[PDB]
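A structural walkthrough
Each chain, written out:
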Amino acid sequence: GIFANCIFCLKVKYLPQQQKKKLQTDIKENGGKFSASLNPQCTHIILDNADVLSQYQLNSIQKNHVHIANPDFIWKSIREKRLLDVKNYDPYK
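Cut-offs and rules
Residues numbered from 1 in each chain as written, not as in the entry; some residues may be left out. Heavy atoms only, no water. Salt bridge = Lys/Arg side-chain N within 4 Å of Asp/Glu carboxyl O. Helix = DSSP H or I, 4+ residues; strand = E, 2+ residues; numbered from the N terminus. Buried < 20%, exposed > 50% of the residue type's maximum accessible area, 1.4 Å probe, protein only. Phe/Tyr/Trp six-rings, centres within 6.5 Å; stacked < 30°, edge-to-face > 60°.

Method-wise, the PDB entry is recorded as coming from X-ray crystallography, at a reported resolution of 1.90 Å.

Across all of its chains, the model carries 2 salt bridges by this definition. When the shortest N-O distance is used, the salt bridge between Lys 22 and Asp 26 registers 3.8 Å. Of this pair, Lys 22 and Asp 26 both sit in helix α1 (residues 17-29), 4 residues apart, which is roughly one turn of the helix. As a salt-bridge pair, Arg 82 and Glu 80 come within 3.6 Å of each other at their nearest N and O atoms. With a relative accessible area of 49%, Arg 82 lands in the partly exposed category.

Glancing now at the packing of aromatic side chains. Aromatic ring pairs: the centre-centre distance and the angle between the two ring planes describe each pair. On inspection of all chains with the given rule, the structure shows 2 aromatic pairs. Both rings, one in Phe 73 and one in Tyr 89, keep their centres 5.8 Å apart while their planes meet at 50°; by these two values the pair is tilted. Placement of the pair is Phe 73 in helix α3 (residues 71-80) and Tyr 89 in the segment after α3, with a sequence separation of 16 residues. Across the pair, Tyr 89 and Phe 73 agree in class, each one buried.

Given below as structure tokens:
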């Protein structure tokens, strides 16, 4: 699937539970892995609009080349049946 070799940290606490779960199933059904925690193995961190990151988290993200994206990265990649440009979905840029 399109998310093969992707490891997503999900910070989507303020999404409806049904959307959190759809994110998870969309990731797993298309070859991805997801985690609640941020670590060096993460390739991506998905952040809903109301979730924020600490300076510590942002430094880890920079150091480990983690891509910061919003949920639309997942939704639209699934819809288009193709991994999109994550640079177009960065809430911090």
